[PDB]
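The structure appears right after this line, and notes come after that.
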Amino acid sequence: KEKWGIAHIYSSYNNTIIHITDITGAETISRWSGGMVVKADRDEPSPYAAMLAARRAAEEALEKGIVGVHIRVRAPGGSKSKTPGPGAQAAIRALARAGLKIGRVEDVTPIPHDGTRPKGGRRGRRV
RNA sequence: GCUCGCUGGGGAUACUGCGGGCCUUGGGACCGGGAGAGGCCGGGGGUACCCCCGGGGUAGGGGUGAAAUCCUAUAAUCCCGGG
Ligand SMILES: [Mg+2]
Ligand SMILES: [Mg+2]
Ligand SMILES: [Mg+2]
Ligand SMILES: [Mg+2]
């Protein structure tokens, strides 16, 4: 019939991770991060690295019989920043261009209802 | 005039003081329908985060203006089921 999977995208200011699993999430199909396609630590969160990683993951998934994916994109969340980095949209676009169909798209960033205390003291980073 | 201070008598009753009588406006008591993260005690929850166990996967993760220390083949980061 139709084999559909899930693409988990983890986007921060330092890196990007693209992880394709099956429909239930318990079996991993492919997994690629920004540090596996570039040489400079400064280029890990760039959109171009996201495109490269997404292309590699999409090819590996396509060779195994996956047809389309639903997308779940997240920032670090918690007591860290709630906003996704610059590589999320580039990752989303590259998956479609590689040949996979796209289902529904939603963000699953974990948000606290007044949880724990963040780092930096009561004055924050002083730079 | 000064020693602005003392003392024997007579007169007045507006104000202050003292005694008596009569009030309700200030203050207090009580009744009615409502408002509020005011306080104390008991019970039930919400996501988030950390650690441990089991399944998948394999070479990086993290962090900076740029790096390094640090974590990772005793299988990390990431995903799933539980405590
Ligand atoms: Mg890296
Ligand atoms: Mg410190
Ligand atoms: Mg300075
Ligand atoms: Mg395991």
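Going by the deposited numbering, 96 is the number at position 86 of the first sequence; the sequence numbering is gapless. Where is the CB? At the ideal position from N, CA and C, for every residue including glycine.
So residue 58 is in the alpha helix (DSSP H); what residue range does that whole segment cover? If you number the first sequence from 1, residue 58 lands on position 48. That run of the alpha helix (DSSP H) goes 57 to 72.
Practice problem: Look at the alpha carbon of residue 119 and the alpha carbon of residue 30, and state the distance between them as a whole number of angstroms. | Solution: The sequence position of residue 119 within the first sequence is 109, counting from 1. The sequence position of residue 30 within the first sequence is 20, counting from 1. Approximately 18 Å between the Cα atoms of the pair.
* What's the C-alpha gap between residue 82 and residue 15? -> Working through the first sequence from its first residue, we reach residue 82 at position 72. Working through the first sequence from its first residue, we reach residue 15 at position 5. Roughly 11 Å between the two C-alpha positions.
Per DSSP, cross-strand counterpart(s) of residue 82: Within the first sequence, the letter at position 72 stands for residue 82. Looking at the DSSP assignment, residue 82 forms a beta bridge with 18 and 116.
Neighbour-count burial assignment, residue 39, 16 or more Cβ in a 10 Å radius: Residue numbering aside, residue 39 sits at position 29 when the first sequence is read from its first letter. Its Cβ being crowded by 16 or more others within 10 Å, residue 39 is buried.
Residue 53 CB to nearest heavy atom of ligand 1 below 7 Å = Numbered from its first residue, the first sequence carries residue 53 at position 43. For ligand 1, not one heavy atom lies less than 7 Å from the Cβ of residue 53.
Quiz item: Who are the near neighbours of residue 4 in its chain, counting only those whose CB is closer than 6 Å to its CB and skipping five residues on each side?
Solution: An answer regarding residue 4 cannot be provided, because it is not within the stretch 11 to 137 covered by the chain.
For this session: Indicate the three-state DSSP secondary structure (helix, strand or coil) for residue 102 in the structure shown.
Result: Locating residue 102 in the first sequence gives position 92, counting from the first residue. The answer is helix: DSSP assigns residue 102 an H, G or I state.
- prompt: So the beta strand (DSSP E) residue 39 belongs to, where does it begin and stop?
  reply: Residue 39 sits at position 29 when you count from the first residue of the first sequence. Counting along the chain, the beta strand (DSSP E) containing residue 39 begins and ends at 38 to 43.
Exercise. Just reading off the beta strand (DSSP E) that residue 29 is part of, what are its end residues?
Worked result: Here residue 29 is taken as the residue at index 19 of the first sequence, counted from 1. 26 to 31 is the span of the beta strand (DSSP E), which, as asked, contains residue 29.
Under the criterion of a Cβ to heavy atom distance below 7 Å, does residue 97 qualify as lining ligand 1?
Position 87 of the first sequence, counting from 1, holds the residue named residue 97. The answer is no for residue 97.
Inset, instruction - Have a look at residue 1 and residue 109 and give me their C-alpha separation to the nearest angstrom. - result: The structure shown does not extend to residue 1, since the chain is modelled only from 11 to 137, so the question has no answer here.
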